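Take a look at the letters that make up each chain.
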Amino acid sequence: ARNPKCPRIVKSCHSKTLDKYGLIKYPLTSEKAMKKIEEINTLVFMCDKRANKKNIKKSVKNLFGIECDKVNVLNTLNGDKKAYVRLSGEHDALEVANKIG
RNA sequence: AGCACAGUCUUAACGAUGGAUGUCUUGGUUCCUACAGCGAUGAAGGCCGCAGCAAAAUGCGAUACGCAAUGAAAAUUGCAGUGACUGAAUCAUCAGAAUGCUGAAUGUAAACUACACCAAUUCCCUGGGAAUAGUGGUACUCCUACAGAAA
Ligand SMILES: [Mg+2]
Ligand SMILES: [Mg+2]
Ligand SMILES: [Mg+2]
Ligand SMILES: [Mg+2]
Ligand SMILES: [Mg+2]
Ligand SMILES: [Mg+2]
Ligand SMILES: [Mg+2]
């Protein structure tokens, strides 16, 4: 069991680890994403390469009035994660789209 | 409106082709002088990023072609925008802050963003109130000290 008289390294700086702002970067337009928004209430977000599904969900919860049933993700060949977020039935992605912009 | 045979060869003039010559020169080279190490406080090297419109190089590191601070000091400009009337636009300086993933690489791994285990960790306010699966730590060898067990 450790009992160091002082800790070795103490990062006093504000955390570098990615917050909501930084994790999730921006929604996608593109005809595909628009279609998704219209038809099956799935919002498409470009996110950081090092976002997990859990993390993305958390971000979405924090950044917007969104509850997400399921999140699929993929790594784009442009070095971004694209997260397809299916909203719970209580919410209309269209309305939330409008709210965001 | 006419007249040259055509080809081959030659000469001259005027052009094409090419990049010689000459002229340059933010480069090299040599010599001289001067200092002289970086790294578990994570080096060099490598990746991945980072610009409003951004490929390379250049610079930088999730504060990402820069932050603070200092010394200049009114511009910057391709457009957009940002500034002056001096901690501000731009330079230099650079001591503060920060410094992604790696790499000796060091928790086990490695064509894995695979996997353990131990601390949960972090921030705010003057003992509470908030967050986030996030953050640290754990290599081998060695030294001094301590520990309680072994002969
Ligand atoms: Mg998948
Ligand atoms: Mg003839
Ligand atoms: Mg030496
Ligand atoms: Mg400054
Ligand atoms: Mg000044
Ligand atoms: Mg390792
Ligand atoms: Mg394998």
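## Quick look at the nonpolar core
(1) Moving on: Grouped together as the largest cluster of nonpolar side chains are 19 residues, with contacts concentrated most on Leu43, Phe45, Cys47, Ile56, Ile66, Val85 and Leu87.
(2) Moving on: When contributions to this core are tallied by element, the ones reaching two or more residues are strand 2 (42-47), helix 3 (53-63), strand 3 (68-75), strand 4 (81-87) and helix 4 (93-100).
(3) Moving on: The residues touching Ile66, leaving out its near neighbours within four places in the chain, are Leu43, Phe45, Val60, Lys61, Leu87 and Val96.
(4) Moving on: One finds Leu28, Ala33, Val44 and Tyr84 within the second-largest nonpolar core, a separate group that totals five residues.

## Points about helix 3
(1) Moving on: Three or more residues of helix 3 are buried, namely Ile56, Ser59 and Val60. Looking straight down helix 3, one finds its buried side chains confined to an arc of 100°; they lie on one side. Facing away from the buried side of helix 3 by over 90 degrees, the exposed positions are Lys54, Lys58 and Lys61.
(2) Moving on: Check the buried side of helix 3 and you find it contacts helix 1 (20-23), strand 1 (24-27), strand 2, strand 3 and strand 4.

## A few points about the environment of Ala51
(1) Moving on: Along the chain, the position of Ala51 falls in the loop between strand 2 and helix 3.
(2) Moving on: Once the C-alpha coordinates of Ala51 and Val85 are considered, the two residues, 34 residues apart in sequence, prove to be 13 Å apart.
(3) Moving on: Not counting residues up to four positions away in its chain, the partners in contact with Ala51 are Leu23, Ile56 and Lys81.

## Looking at the packing of aromatic side chains
(1) Moving on: Summed over all chains, the structure comprises one aromatic pair.
(2) Moving on: Taking the centre distance of 6.0 Å and the plane angle of 15° together, the rings of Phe45 and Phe64 count as stacked. Of this pair, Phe45 sits in strand 2 while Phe64 sits in the loop between helix 3 and strand 3, placing them 19 residues apart in sequence. Considered together, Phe45 and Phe64 belong to a single accessibility category, that of buried residues.
(3) Moving on: A cation over a ring is seen here: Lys36 above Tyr84, with NZ or CZ 5.8 Å from the ring centre.

## A short note on the protein's contact with RNA strand B
(1) Moving on: Inspection of the region around RNA strand B gives 13 residues, with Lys16, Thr17, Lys49, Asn52 and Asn55 positioned closest.
(2) Moving on: Of all RNA strand B atoms lying within 4 Å of any protein atom, the proportion belonging to sugar or phosphate reaches 86%.
(3) Moving on: Between a sugar or linking oxygen of RNA strand B and a main-chain N or O atom of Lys16, the distance comes to 3.2 Å.
(4) Moving on: Between RNA strand B and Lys49 there is a distance of 3.2 Å, counted from a sugar or linking oxygen to a side-chain nitrogen or oxygen.

Analysis parameters
- Every chain's residues are listed with numbers counted from 1 in the order the sequence is written; these need not match the entry, and residues without coordinates are not shown.
- Both sets of labels track the order of writing: A upward for chains, 1 upward for ligands.
- Shown here is not the whole assembly but part of a larger one, and the values apply to the part shown.
- Excluded from the side-chain calculation are hydrogens and water; included are all heavy atoms of the structure.
- We define a nonpolar core as any set of buried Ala, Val, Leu, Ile, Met, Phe, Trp, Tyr and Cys residues linked to one another through side-chain atoms lying within 4.5 Å.
- Relative accessibility under 20% of the residue-type maximum defines a buried residue, over 50% an exposed one, and the middle range a partly exposed one, all with a 1.4 Å probe and only protein chains included.
- In this text, helices come from DSSP runs of H or I with a minimum length of four residues, and strands from runs of E with a minimum of two, each type numbered from the N-terminal end.
- Residue contacts are counted whenever heavy atoms from the two residues lie within 4.5 Å of one another.
- Picture the helix axis, draw a direction to every C-beta atom, and the arc is the one those directions span.
- Only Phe, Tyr and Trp rings are paired, with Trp represented by its six-membered ring, and only when their centres lie within 6.5 Å; those with planes under 30 degrees apart are stacked, over 60 edge-to-face, the remainder tilted.
- Criterion for a charge above a ring: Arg CZ or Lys NZ at most 6 Å from the ring centre, at most 35 degrees from the ring normal.
- By convention in these notes, a residue is near a molecule or strand provided one of its non-hydrogen atoms lies within 4 Å of it.
- Pairing of N or O atoms within 3.5 Å defines a polar contact, subject to two protein rules: one partner must be a possible hydrogen donor and the other a possible acceptor, and residues neighboring in sequence count only if both atoms are side-chain atoms.

That is the geometry; function is a separate question.
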